[PDB]
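As a starting point, one isolated chain is supplied in structure tokens, in the form deposited in one PDB entry.
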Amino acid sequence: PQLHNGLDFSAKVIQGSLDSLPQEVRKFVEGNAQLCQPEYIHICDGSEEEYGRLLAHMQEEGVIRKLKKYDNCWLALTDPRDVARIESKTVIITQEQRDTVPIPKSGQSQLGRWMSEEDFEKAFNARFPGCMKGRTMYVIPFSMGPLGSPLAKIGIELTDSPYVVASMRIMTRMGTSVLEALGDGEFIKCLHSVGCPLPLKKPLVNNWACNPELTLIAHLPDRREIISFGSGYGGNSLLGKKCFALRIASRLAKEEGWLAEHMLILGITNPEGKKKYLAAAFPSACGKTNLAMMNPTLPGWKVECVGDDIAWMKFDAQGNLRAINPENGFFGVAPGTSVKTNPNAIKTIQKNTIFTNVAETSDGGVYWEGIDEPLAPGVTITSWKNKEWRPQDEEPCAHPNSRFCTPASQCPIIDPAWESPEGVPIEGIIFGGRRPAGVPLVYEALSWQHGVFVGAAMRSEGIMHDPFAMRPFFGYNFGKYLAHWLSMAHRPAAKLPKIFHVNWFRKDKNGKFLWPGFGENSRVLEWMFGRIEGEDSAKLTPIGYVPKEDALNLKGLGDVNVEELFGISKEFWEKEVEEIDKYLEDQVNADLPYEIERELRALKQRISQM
């Protein structure tokens, strides 16, 4: 079957068997083994044994450190050049640019980054040949979604990073059972290299292999391929998360009639035992993880977490919008995480957790800005840069984007349906972001079409547009994504969720937050809940429905300045509509659906009557 030894890499397999793999998977592995030239091939089985040995191996090499204070928890410190998902190096390849991003009138799209097939081929050839020399290629069979669920999708990731292997074991369902469920089915092809073949051409920093100059995270949806080079971090390297479950998946979703979104999913139960599920899209750094795992301050209310970051949603036969969490764990921002802001996260992460770029205490615990836990006198701190640190220093002890990576099943409020194969029925969708001025705590959209316009108008900070929290994550043209959302209104018998917009971040004139937030947000969720039940608790305004006077439970919060928090200004909202106008005109133009344009004019009109 070959004249020499062919593309047959059996001799280099140190775990599992190429014979055992489905034909197409074997082909994927062996093709990239020939290209990348790894010294060893490790087919992951997902076992506890494989995992313990992987960690020991990394520990042995100084790639990770054990955090002796906790049960099976580990710390990685990275090269300071590789500390986040990196948008500027993130691209989607399609035949025509306009299928990927709308053509901006001012020459630069904030809605994606296209690369031609030709330019990518050249970039690929400049990077991958021999890139794994001297390393192990790990083969990670993973399912996004509960194994065997009709909403689940399988990928194979090849990586030269054991850190990616460990993190993927947490954040996806990984191992032999996935290969068995796969059979001879289709899978997303995920290729990753840290881009540092041996012998090293450049010095290794903090035992963290990366290639910042050649970093390139590419998606080729027409080939069902994700190809990522040069970063070992987060969304650049854990390919199932953003690359697959948002970018690749949002385009599949458009073609197939479902949705793949940057949304938490939570189940909330009232004092009468009535439960509803909600989904919420907030941009990175705007508090999805706090809400998803909320400990409600209101007596007799309960919040349970389905997922904190990504939602796959599809209408069922009865018109219910069903959502699954395609993730298996939580990859949450560590700083700011405290008993006060996220007690349930505090409990989840003290075992079987990997931390990246946090500080370490001298008794082997973790530390970060906003942890709000004083240390005993004499306990000292090693920063994420691996030097002694004191609370007086200029720099933070933890990187602002440092993360924990923790099993979802350990969360004390994990939803009983968090793995149900049919998904949970969504009754409300919440949008929101950071709006220091002008936008009140909570409003309700007037219609599905107004709701989609409200998603389109979202912000990650007072000055930055992040429609639907998907700005860095659209798998195709944003204009067509709006058309896809609007199309859900025409699905016969669809039970369309109520759409709300929240704002935790309104400030008074001295910069102080007007709303205490966190667990207190339960008071906003109570209102949404009654609204879905059709309670007469809403007052119409030009921006949507707001809570009536007295509608919100504010007991315990008498110091809240209700007039400023809930206030609507004609002058603010005139500015807002003009801003939205310019933005949509510049960024979306020819691709903007009629309905979005009509909502813009309708809001303008309502404001004009103030």
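When you see a residue number, it is the position in the sequence shown, counting from 1. Take the two forms, find the largest set of C-alpha atoms that superpose within 1.5 Å, and that set is the rigid core.
The form deposited in another entry is left out here; the points below concern that form.
When the two forms are overlaid on the rigid core, CA displacement between this form and the one not shown of 2 Å or more is confined, within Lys122, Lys351, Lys202, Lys512, to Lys512. If you fit the rigid core between this form and the one not shown, you'll see the Cα of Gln95 move by less than 2 angstroms. Relative to the superposed core, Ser409 shifts its CA atom by less than 2 Å between this form and the one not shown. Once the cores line up, the CA of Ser362 ends up less than 2 angstroms apart between this form and the one not shown.
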